[PDB]
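Visitor: Can you read through this structure? Questions will come right after.
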Amino acid sequence: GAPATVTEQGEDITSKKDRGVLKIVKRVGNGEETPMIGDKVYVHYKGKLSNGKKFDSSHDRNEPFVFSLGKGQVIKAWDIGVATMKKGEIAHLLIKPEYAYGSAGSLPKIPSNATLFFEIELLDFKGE
Ligand SMILES: COc1cc2cc(OC)c1OCCCOC/C=C/COC(=O)[C@@H]1CCCCN1C(=O)[C@H]2C1CCCCC1
């Protein structure tokens with residue numbers, strides 16, 4: 001399902017065009033403005049390893065996930081991906097290890113050389 005559809009006609013949003021981060025918009029946002037680097041960004045997400053063994057949701061807590069875009073608080077794929085989103089957008093991203101946790105991984109939660117999948121809802125973003 002959702003990951004497979006992202007592989008299939010998945011929009012490659014890397015600069016190098018190496019298919020490291022593929023995207024589909026599933027619910028369209030409003031406003032023309034995507035976040036610039038530095039913006040304080042508020043999201044809900046669901047995430048999983050493609051190996052199917054771990055799943056993580058912002059809802060597993062009772063709060064949005066907040067982070068500063070482009071300030072290395074998240075994996076490179078998030079900085080690239082959420083910079084393409086509009087307020088109120090829901091998107092799916094499929095991510096190769098290079099744009100996530102690489103060969104080292106982040107044990108034991110993230111194995112070596114893992115591919116990741118996320119659904120992200122962009123709630124809001126303000127300047128700082
Ligand atoms: C690698 O560590 C984790 C990764 C994710 C969630 C974690 O805790 C809930 C988590 O545990 C340690 C606490 C880390 O919290 C700060 C940030 C971690 C970096 O996370 C990320 O960049 C991405 C994007 C933003 C949401 C979290 N996230 C993760 O990679 C998640 C994992 C969790 C395992 C399934 C795939 C998603």
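Convention: chains lettered A, B, ... in structure tokens order; per-chain residue numbering from 1; ligands numbered from 1 as shown.
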Which residues of chain A come within 9 Å of ligand 1, and what is each one's closest atom pair and distance in Å (one decimal), counting only C-alpha atoms and all ligand atoms, sorted by chain and residue number, as a Markdown table?

Guide:
| residue | atom | partner | partner_atom_place_in_ligand_line | distance |
| --- | --- | --- | --- | --- |
| A:44 | CA | ligand 1 | 26 (C) | 8.9 |
| A:45 | CA | ligand 1 | 26 (C) | 7.1 |
| A:46 | CA | ligand 1 | 37 (C) | 7.6 |
| A:47 | CA | ligand 1 | 37 (C) | 4.4 |
| A:48 | CA | ligand 1 | 35 (C) | 3.9 |
| A:49 | CA | ligand 1 | 35 (C) | 5.1 |
| A:50 | CA | ligand 1 | 36 (C) | 8.7 |
| A:52 | CA | ligand 1 | 35 (C) | 8.9 |
| A:53 | CA | ligand 1 | 35 (C) | 8.4 |
| A:54 | CA | ligand 1 | 35 (C) | 5.2 |
| A:55 | CA | ligand 1 | 35 (C) | 4.8 |
| A:56 | CA | ligand 1 | 33 (C) | 5.1 |
| A:57 | CA | ligand 1 | 9 (C) | 7.6 |
| A:58 | CA | ligand 1 | 26 (C) | 7.8 |
| A:60 | CA | ligand 1 | 9 (C) | 8.6 |
| A:61 | CA | ligand 1 | 9 (C) | 8.9 |
| A:65 | CA | ligand 1 | 26 (C) | 7.2 |
| A:66 | CA | ligand 1 | 25 (C) | 8.9 |
| A:67 | CA | ligand 1 | 25 (C) | 8.4 |
| A:72 | CA | ligand 1 | 22 (O) | 8.4 |
| A:73 | CA | ligand 1 | 17 (C) | 6.4 |
| A:74 | CA | ligand 1 | 22 (O) | 3.3 |
| A:75 | CA | ligand 1 | 22 (O) | 4.0 |
| A:76 | CA | ligand 1 | 22 (O) | 7.7 |
| A:77 | CA | ligand 1 | 22 (O) | 8.1 |
| A:78 | CA | ligand 1 | 24 (C) | 6.2 |
| A:79 | CA | ligand 1 | 22 (O) | 8.9 |
| A:100 | CA | ligand 1 | 22 (O) | 7.2 |
| A:101 | CA | ligand 1 | 1 (C) | 7.7 |
| A:105 | CA | ligand 1 | 1 (C) | 8.1 |
| A:106 | CA | ligand 1 | 1 (C) | 5.4 |
| A:107 | CA | ligand 1 | 1 (C) | 7.8 |
| A:108 | CA | ligand 1 | 1 (C) | 8.8 |
| A:109 | CA | ligand 1 | 34 (C) | 6.0 |
| A:110 | CA | ligand 1 | 34 (C) | 6.2 |
| A:115 | CA | ligand 1 | 36 (C) | 8.9 |
| A:116 | CA | ligand 1 | 36 (C) | 5.9 |
| A:117 | CA | ligand 1 | 36 (C) | 6.9 |
| A:118 | CA | ligand 1 | 37 (C) | 7.2 |

Visitor: If you keep N, CA, C and O atoms, can you produce a file of those selected residues as a compact mmCIF listing (two decimals), in the first residue's frame?

Guide:
# COMPACT_ATOMS: atom_id res chain seq x y z
N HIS A 44 2.08 16.65 12.84
CA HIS A 44 1.78 15.30 13.29
C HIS A 44 2.32 14.33 12.25
O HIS A 44 2.20 14.55 11.04
N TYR A 45 2.88 13.22 12.73
CA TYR A 45 3.37 12.20 11.82
C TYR A 45 3.08 10.80 12.34
O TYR A 45 2.84 10.57 13.53
N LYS A 46 3.12 9.87 11.38
CA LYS A 46 3.22 8.44 11.64
C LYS A 46 4.45 7.96 10.86
O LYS A 46 4.70 8.41 9.74
N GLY A 47 5.25 7.12 11.48
CA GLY A 47 6.47 6.66 10.86
C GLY A 47 6.63 5.16 11.06
O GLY A 47 6.13 4.61 12.03
N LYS A 48 7.38 4.53 10.16
CA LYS A 48 7.74 3.13 10.33
C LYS A 48 8.99 2.80 9.53
O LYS A 48 9.39 3.55 8.66
N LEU A 49 9.65 1.75 9.93
CA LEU A 49 10.70 1.11 9.18
C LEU A 49 10.02 0.32 8.08
O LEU A 49 8.96 -0.25 8.33
N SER A 50 10.62 0.20 6.89
CA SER A 50 10.04 -0.68 5.87
C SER A 50 10.16 -2.16 6.25
O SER A 50 9.34 -2.96 5.83
N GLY A 52 9.05 -3.27 8.86
CA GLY A 52 7.74 -3.50 9.47
C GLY A 52 7.76 -3.77 11.00
O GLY A 52 6.76 -4.21 11.57
N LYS A 53 8.89 -3.49 11.66
CA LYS A 53 9.14 -4.01 13.00
C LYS A 53 8.93 -2.89 14.05
O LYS A 53 8.71 -3.21 15.22
N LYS A 54 8.94 -1.61 13.62
CA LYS A 54 8.77 -0.45 14.52
C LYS A 54 7.88 0.60 13.84
O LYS A 54 7.98 0.80 12.64
N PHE A 55 7.01 1.23 14.65
CA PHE A 55 6.05 2.24 14.24
C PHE A 55 5.97 3.32 15.31
O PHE A 55 5.81 3.02 16.49
N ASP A 56 5.95 4.58 14.90
CA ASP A 56 6.04 5.69 15.83
C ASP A 56 5.05 6.76 15.41
O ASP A 56 4.97 7.10 14.24
N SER A 57 4.31 7.31 16.36
CA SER A 57 3.34 8.34 16.02
C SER A 57 3.46 9.49 17.00
O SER A 57 3.66 9.27 18.18
N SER A 58 3.30 10.71 16.51
CA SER A 58 3.19 11.87 17.39
C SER A 58 2.02 11.69 18.36
O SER A 58 2.15 11.98 19.55
N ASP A 60 1.14 8.87 19.75
CA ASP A 60 1.61 8.03 20.85
C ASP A 60 1.94 8.89 22.08
O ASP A 60 1.87 8.41 23.20
N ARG A 61 2.31 10.17 21.86
CA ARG A 61 2.25 11.21 22.88
C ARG A 61 0.95 12.00 22.66
O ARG A 61 0.14 11.64 21.80
N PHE A 65 4.61 17.30 17.13
CA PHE A 65 6.06 17.34 17.06
C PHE A 65 6.48 18.71 16.52
O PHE A 65 5.95 19.19 15.51
N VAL A 66 7.41 19.34 17.24
CA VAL A 66 7.88 20.67 16.91
C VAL A 66 9.38 20.59 16.67
O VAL A 66 10.11 19.88 17.37
N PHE A 67 9.84 21.33 15.67
CA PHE A 67 11.25 21.36 15.34
C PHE A 67 11.53 22.59 14.47
O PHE A 67 10.62 23.17 13.88
N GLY A 72 18.98 20.85 11.64
CA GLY A 72 19.52 19.53 11.97
C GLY A 72 18.97 18.89 13.26
O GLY A 72 19.71 18.22 13.98
N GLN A 73 17.68 19.10 13.57
CA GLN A 73 17.03 18.46 14.70
C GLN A 73 16.37 17.18 14.20
O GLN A 73 16.04 16.29 14.98
N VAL A 74 16.22 17.06 12.88
CA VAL A 74 15.63 15.89 12.27
C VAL A 74 16.55 15.39 11.16
O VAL A 74 17.49 16.06 10.77
N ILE A 75 16.21 14.21 10.63
CA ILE A 75 16.90 13.63 9.49
C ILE A 75 16.77 14.53 8.26
O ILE A 75 15.80 15.28 8.13
N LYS A 76 17.82 14.45 7.39
CA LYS A 76 17.92 15.31 6.21
C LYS A 76 16.65 15.19 5.39
O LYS A 76 16.14 16.21 4.94
N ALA A 77 16.06 14.00 5.32
CA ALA A 77 14.85 13.81 4.54
C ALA A 77 13.71 14.68 5.04
O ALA A 77 12.86 15.12 4.24
N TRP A 78 13.66 14.93 6.36
CA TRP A 78 12.59 15.77 6.89
C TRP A 78 12.81 17.24 6.54
O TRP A 78 11.88 17.96 6.17
N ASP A 79 14.04 17.69 6.62
CA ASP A 79 14.33 19.07 6.30
C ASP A 79 13.98 19.34 4.83
O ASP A 79 13.43 20.40 4.52
N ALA A 100 18.50 9.37 6.05
CA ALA A 100 17.92 9.05 7.36
C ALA A 100 19.06 8.78 8.35
O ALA A 100 19.76 9.72 8.70
N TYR A 101 19.33 7.51 8.67
CA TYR A 101 20.32 7.14 9.69
C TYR A 101 21.50 6.37 9.12
O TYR A 101 22.35 5.91 9.88
N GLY A 105 23.05 3.52 11.41
CA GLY A 105 21.74 3.40 11.99
C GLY A 105 21.71 4.13 13.32
O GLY A 105 22.56 4.97 13.54
N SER A 106 20.74 3.75 14.18
CA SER A 106 20.54 4.34 15.48
C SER A 106 19.98 3.26 16.40
O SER A 106 18.81 3.25 16.78
N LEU A 107 20.85 2.33 16.76
CA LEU A 107 20.46 1.10 17.43
C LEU A 107 19.94 1.32 18.85
O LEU A 107 20.42 2.17 19.59
N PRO A 108 19.01 0.47 19.32
CA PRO A 108 18.46 -0.63 18.52
C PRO A 108 17.22 -0.27 17.71
O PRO A 108 16.69 -1.13 17.04
N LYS A 109 16.73 0.97 17.83
CA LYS A 109 15.49 1.46 17.26
C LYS A 109 15.54 1.39 15.72
O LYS A 109 14.61 0.86 15.11
N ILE A 110 16.64 1.88 15.13
CA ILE A 110 16.82 1.96 13.68
C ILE A 110 18.01 1.11 13.30
O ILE A 110 19.13 1.46 13.66
N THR A 115 15.51 1.75 5.36
CA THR A 115 14.59 2.62 4.65
C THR A 115 13.42 2.94 5.57
O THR A 115 13.00 2.10 6.35
N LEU A 116 12.92 4.17 5.52
CA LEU A 116 11.87 4.64 6.42
C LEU A 116 10.70 5.15 5.62
O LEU A 116 10.89 5.78 4.59
N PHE A 117 9.51 5.11 6.22
CA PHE A 117 8.32 5.68 5.62
C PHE A 117 7.65 6.54 6.67
O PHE A 117 7.53 6.09 7.80
N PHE A 118 7.14 7.69 6.24
CA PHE A 118 6.40 8.62 7.07
C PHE A 118 5.17 9.15 6.36
O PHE A 118 5.21 9.50 5.18

Visitor: So that I can check the secondary structure, give me every residue of stretch 27-125 of chain A assigned strand (DSSP E) by backbone DSSP, as an NGL selection string.

Guide: :A and (27 or 40-49 or 55-57 or 65-68 or 90-95 or 116-125)

Visitor: In terms of the shortest atom-to-atom distance over only C-alpha atoms, which of A:42, A:112, A:69, A:83 is closest to residue A:125?

Guide: A:42

Visitor: Mind the document's chain letters and residue numbers, and return as a PyMOL selection string the residues of chain A that DSSP labels helix (DSSP H, G or I).

Guide: chain A and resi 2-7+58-60+76-83+97-99

Visitor: How would the residues just chosen look if you wrote them out with N, CA, C and O atoms as a PDB file, in the first residue's frame?

Guide:
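Now in selection-v3.pdb:
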ATOM      1  N   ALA A   2       0.755   2.018   1.078  1.00  0.00           N
ATOM      2  CA  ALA A   2       1.086   3.431   1.057  1.00  0.00           C
ATOM      3  C   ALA A   2       2.518   3.668   0.579  1.00  0.00           C
ATOM      4  O   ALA A   2       2.746   4.596  -0.206  1.00  0.00           O
ATOM      5  N   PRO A   3       3.502   2.869   1.067  1.00  0.00           N
ATOM      6  CA  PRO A   3       4.895   2.959   0.633  1.00  0.00           C
ATOM      7  C   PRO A   3       5.098   2.630  -0.840  1.00  0.00           C
ATOM      8  O   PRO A   3       5.922   3.235  -1.529  1.00  0.00           O
ATOM      9  N   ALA A   4       4.350   1.628  -1.278  1.00  0.00           N
ATOM     10  CA  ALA A   4       4.449   1.093  -2.624  1.00  0.00           C
ATOM     11  C   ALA A   4       3.985   2.121  -3.644  1.00  0.00           C
ATOM     12  O   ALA A   4       4.656   2.304  -4.644  1.00  0.00           O
ATOM     13  N   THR A   5       2.815   2.722  -3.387  1.00  0.00           N
ATOM     14  CA  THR A   5       2.283   3.854  -4.145  1.00  0.00           C
ATOM     15  C   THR A   5       3.316   4.993  -4.206  1.00  0.00           C
ATOM     16  O   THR A   5       3.382   5.685  -5.215  1.00  0.00           O
ATOM     17  N   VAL A   6       4.130   5.171  -3.158  1.00  0.00           N
ATOM     18  CA  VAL A   6       5.097   6.273  -3.139  1.00  0.00           C
ATOM     19  C   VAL A   6       6.262   5.960  -4.066  1.00  0.00           C
ATOM     20  O   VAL A   6       6.650   6.835  -4.831  1.00  0.00           O
ATOM     21  N   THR A   7       6.806   4.734  -4.006  1.00  0.00           N
ATOM     22  CA  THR A   7       7.704   4.205  -5.040  1.00  0.00           C
ATOM     23  C   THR A   7       7.100   4.412  -6.442  1.00  0.00           C
ATOM     24  O   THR A   7       7.809   4.842  -7.343  1.00  0.00           O
ATOM     25  N   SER A  58       3.297  10.711  16.513  1.00  0.00           N
ATOM     26  CA  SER A  58       3.195  11.868  17.386  1.00  0.00           C
ATOM     27  C   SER A  58       2.016  11.686  18.356  1.00  0.00           C
ATOM     28  O   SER A  58       2.146  11.978  19.545  1.00  0.00           O
ATOM     29  N   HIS A  59       0.917  11.084  17.883  1.00  0.00           N
ATOM     30  CA  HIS A  59      -0.210  10.696  18.732  1.00  0.00           C
ATOM     31  C   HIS A  59       0.118   9.738  19.885  1.00  0.00           C
ATOM     32  O   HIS A  59      -0.581   9.774  20.889  1.00  0.00           O
ATOM     33  N   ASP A  60       1.138   8.870  19.751  1.00  0.00           N
ATOM     34  CA  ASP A  60       1.609   8.026  20.853  1.00  0.00           C
ATOM     35  C   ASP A  60       1.943   8.892  22.076  1.00  0.00           C
ATOM     36  O   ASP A  60       1.870   8.408  23.202  1.00  0.00           O
ATOM     37  N   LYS A  76      17.817  14.454   7.392  1.00  0.00           N
ATOM     38  CA  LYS A  76      17.919  15.312   6.207  1.00  0.00           C
ATOM     39  C   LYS A  76      16.646  15.194   5.390  1.00  0.00           C
ATOM     40  O   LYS A  76      16.141  16.208   4.942  1.00  0.00           O
ATOM     41  N   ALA A  77      16.061  14.002   5.320  1.00  0.00           N
ATOM     42  CA  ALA A  77      14.850  13.814   4.535  1.00  0.00           C
ATOM     43  C   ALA A  77      13.710  14.683   5.039  1.00  0.00           C
ATOM     44  O   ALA A  77      12.861  15.119   4.237  1.00  0.00           O
ATOM     45  N   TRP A  78      13.660  14.929   6.362  1.00  0.00           N
ATOM     46  CA  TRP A  78      12.591  15.775   6.891  1.00  0.00           C
ATOM     47  C   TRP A  78      12.808  17.238   6.535  1.00  0.00           C
ATOM     48  O   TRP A  78      11.885  17.964   6.172  1.00  0.00           O
ATOM     49  N   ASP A  79      14.041  17.688   6.625  1.00  0.00           N
ATOM     50  CA  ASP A  79      14.332  19.071   6.295  1.00  0.00           C
ATOM     51  C   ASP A  79      13.976  19.336   4.829  1.00  0.00           C
ATOM     52  O   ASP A  79      13.430  20.401   4.518  1.00  0.00           O
ATOM     53  N   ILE A  80      14.352  18.404   3.931  1.00  0.00           N
ATOM     54  CA  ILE A  80      14.064  18.521   2.512  1.00  0.00           C
ATOM     55  C   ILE A  80      12.547  18.411   2.326  1.00  0.00           C
ATOM     56  O   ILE A  80      11.939  19.199   1.629  1.00  0.00           O
ATOM     57  N   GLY A  81      11.931  17.424   2.954  1.00  0.00           N
ATOM     58  CA  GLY A  81      10.546  17.090   2.635  1.00  0.00           C
ATOM     59  C   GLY A  81       9.540  18.127   3.144  1.00  0.00           C
ATOM     60  O   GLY A  81       8.660  18.545   2.409  1.00  0.00           O
ATOM     61  N   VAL A  82       9.641  18.479   4.430  1.00  0.00           N
ATOM     62  CA  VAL A  82       8.727  19.426   5.035  1.00  0.00           C
ATOM     63  C   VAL A  82       8.939  20.825   4.443  1.00  0.00           C
ATOM     64  O   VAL A  82       8.016  21.619   4.453  1.00  0.00           O
ATOM     65  N   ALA A  83      10.116  21.155   3.910  1.00  0.00           N
ATOM     66  CA  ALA A  83      10.258  22.426   3.196  1.00  0.00           C
ATOM     67  C   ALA A  83       9.390  22.487   1.946  1.00  0.00           C
ATOM     68  O   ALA A  83       9.080  23.575   1.481  1.00  0.00           O
ATOM     69  N   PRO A  97      18.424   5.143   3.303  1.00  0.00           N
ATOM     70  CA  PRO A  97      19.268   5.347   4.485  1.00  0.00           C
ATOM     71  C   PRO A  97      20.149   6.593   4.470  1.00  0.00           C
ATOM     72  O   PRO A  97      20.379   7.233   5.499  1.00  0.00           O
ATOM     73  N   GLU A  98      20.609   6.967   3.297  1.00  0.00           N
ATOM     74  CA  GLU A  98      21.469   8.106   3.130  1.00  0.00           C
ATOM     75  C   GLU A  98      20.840   9.384   3.669  1.00  0.00           C
ATOM     76  O   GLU A  98      21.590  10.257   4.041  1.00  0.00           O
ATOM     77  N   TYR A  99      19.521   9.540   3.570  1.00  0.00           N
ATOM     78  CA  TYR A  99      18.807  10.727   4.020  1.00  0.00           C
ATOM     79  C   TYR A  99      18.161  10.479   5.397  1.00  0.00           C
ATOM     80  O   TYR A  99      17.265  11.213   5.826  1.00  0.00           O
TER      81      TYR A  99
END

Visitor: Counting only C-alpha atoms, figure out which residue out of A:111, A:127, A:38, A:10 gets nearest to residue A:51.

Guide: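 Of all the options, A:111 lies closest to residue A:51.
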
Visitor: Pick out the closest residue to residue A:32 from this set: A:62, A:9, A:15, A:84. Count only C-alpha atoms.

Guide: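 Smallest distance to residue A:32 is found for A:84.
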
Visitor: Grab the atom CA of residue A:43 to atom CA of residue A:103 distance for me, in Å with one decimal place.

Guide: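 For atom CA of residue A:43 relative to atom CA of residue A:103, the distance reads 27.1 Å.
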
Visitor: Figure out the distance between atom CA of residue A:28 and atom CA of residue A:124, please, to one decimal in Å.

Guide: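 Atom CA of residue A:124 sits 13.8 Å away from atom CA of residue A:28.
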
Visitor: Would you please work out which residue, of A:104, A:13, A:95, A:120, is nearest to residue A:27 when using only C-alpha atoms?

Guide: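 Among A:104, A:13, A:95, A:120, it is A:120 that comes nearest to residue A:27.
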
Visitor: Please measure the separation of atom CA of residue A:113 and atom CA of residue A:37, giving the value in Å to one decimal.

Guide: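 According to the coordinates, atom CA of residue A:113 and atom CA of residue A:37 are separated by 27.3 Å.
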